[PDB]
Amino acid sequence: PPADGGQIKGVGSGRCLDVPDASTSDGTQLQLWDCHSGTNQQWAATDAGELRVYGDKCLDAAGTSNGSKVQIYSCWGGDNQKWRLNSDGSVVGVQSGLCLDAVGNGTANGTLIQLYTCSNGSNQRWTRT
């Protein structure tokens, strides 16, 4: 079946999880960007816990600590490519237990995305559209 990916939209910023310049390259760090219908803002949940983009790329935690980059890499089944959306709006990395976090409490276009200790601040709350 089709992916049917949807947005991951930040509550504090009103902006969407976005792969810069619609790049598909491994290791590309994510950012906030104005929400649009483009495929670089479409994130498809799977039963394996992934958030997929471009069919076979995965939202990817480069590490397990505060400030570790959130990026894309080809999907391969790693626990650092597994994510859970919680009732408090947090998107938590399964491996690390850390939250998707807009760096520095930034809201603007280009604000980078990292892992960070969960605080439930508005830069850590998300909706799926």
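Position 1 is the first residue in the sequence shown; the rest follow in order.
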remark   = Per the PDB entry, mean CA B-factor is higher for 37-45 or 99-107, namely for 37-45
inquiry  = Comparing recorded Cα B-factors across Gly89, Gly67, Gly78, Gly93, which one is largest?
reply    = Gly67
query = Comparing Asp60 with the other modelled residues of its chain, is its CA B-factor in the lowest, middle or highest third?
reply = lowest
ask   = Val19's Cα B-factor: lowest, middle or highest third of the chain?
value = lowest
request  = State the tercile, meaning the lowest, middle or highest third, of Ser13 with respect to the CA B-factors recorded for its chain.
outcome  = middle
key: Third of the chain's Cα B-factor distribution that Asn120 belongs to, per the entry   = middle
